[PDB]
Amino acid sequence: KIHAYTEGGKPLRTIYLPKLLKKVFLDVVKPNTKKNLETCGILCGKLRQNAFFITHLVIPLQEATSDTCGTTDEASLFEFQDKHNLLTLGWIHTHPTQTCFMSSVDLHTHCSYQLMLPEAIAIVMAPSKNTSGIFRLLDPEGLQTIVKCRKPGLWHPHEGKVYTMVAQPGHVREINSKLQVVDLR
């Protein structure tokens, strides 16, 4: 009934996102957001009849500071997804104090997810601003920009528009569905 396309005309399969996930994620990582610490997680799920369903929010082993967060033991993350046949459909993280945008680090991180899965999304929570966003890189121009990029330094800039908010509801559609939250910390 409704189809979304990339900038280059490639069709994106739909990802069904449980309406609950954003709220439960903030709740699960609230201890860190109080301590001014960023947190991340993985959106996992399944492919059914040409559509993706996010079924699991997975909080991986990770280290964080006030402006960064990163995984540390990806092997256990792997073991969980493989054992349960979970596809990686994107990721989520908090900006405890900042605005709702994709930083230079977010873009380089996400480029790799979107390369492995054209529909992959990045959810950004800015709870101190009560905003949130769901983003992807422009396909193909933004992917190509970040893939070619070799600039040093954490916070370096990029030439041109590199990312955008995902199409709703064609690419991502929030629905009332079940969710499992898996905390591996």
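In this text, residue numbers run from 1 along the sequence as written.
Novice: Decide which of the stretches 21 to 29 and 157 to 165 has the higher mean C-alpha B-factor, going by the entry.
Specialist: That would be 157 to 165.
Novice: Looking at the deposited entry, does 68 to 76 or 82 to 90 carry the larger mean Cα B-factor?
Specialist: If you average the C-alpha B-factors of 68 to 76 and of 82 to 90, the larger mean comes out for 68 to 76.
Novice: Which is it among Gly142, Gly45, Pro60, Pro152: the one with the largest CA B-factor in the entry?
Specialist: Highest CA B-factor of the listed options: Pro152.
Novice: If I read the C-alpha B-factors straight from the PDB entry, which of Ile134, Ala120, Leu37, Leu138 is highest?
Specialist: That would be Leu37, according to the entry.
Novice: Lowest, middle or highest third: where is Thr99 by C-alpha B factor in its chain?
Specialist: Within its chain, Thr99 is a highest-third residue by C-alpha B-factor, going by the deposited values.
Novice: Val181's Cα B-factor: lowest, middle or highest third of the chain?
Specialist: Lowest third - that is where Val181 ends up once the chain's C-alpha B-factors are sorted.
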